[PDB]
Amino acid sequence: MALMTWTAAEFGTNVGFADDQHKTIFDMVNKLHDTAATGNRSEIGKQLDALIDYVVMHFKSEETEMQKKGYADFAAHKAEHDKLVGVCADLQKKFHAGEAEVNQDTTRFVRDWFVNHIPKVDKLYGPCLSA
């Protein structure tokens, strides 16, 4: 099974670009999850780095739109993004030093993060960003 399945009932924000970027994230996490069941460390690292770069770009996209529109919860929302980015960058520094491995607990963690963040945090910007 794919780790992550996107539906509108679970995750739709009413903001087209954000929904699309979320779908990409889910697909990139699913590839990482599959590779993380192997010992193909170079393929894990390529997919890890591609996912994290995309996630940072998604967060920048949401942040630019929230801040330009004076969205009410912008700074607290960005704080949640920045703590995930710090976790991911720390994981990359360790993984790329040989000091940690990426496995399916890594991808279930990131799944947990997104499945909580999108409904509880991202959906709240829908009225403002869709107006």
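One rule holds for the numbers: they count along the sequence shown, beginning at 1.
Among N30, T64, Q47, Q92, the highest C-alpha B-factor in the deposited entry belongs to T64. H58: CA B factor in the lowest third of modelled residues in this chain (values from the PDB entry). Among the modelled residues of the chain, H81 sits in the lowest third by CA temperature factor in this PDB entry. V110: CA B factor in the middle third of modelled residues in this chain (values from the PDB entry). When the CA B factors of the chain's modelled residues are split into thirds, the value for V15 lands in the highest one. The deposited CA B-factor of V121 belongs to the middle third of values across its chain.
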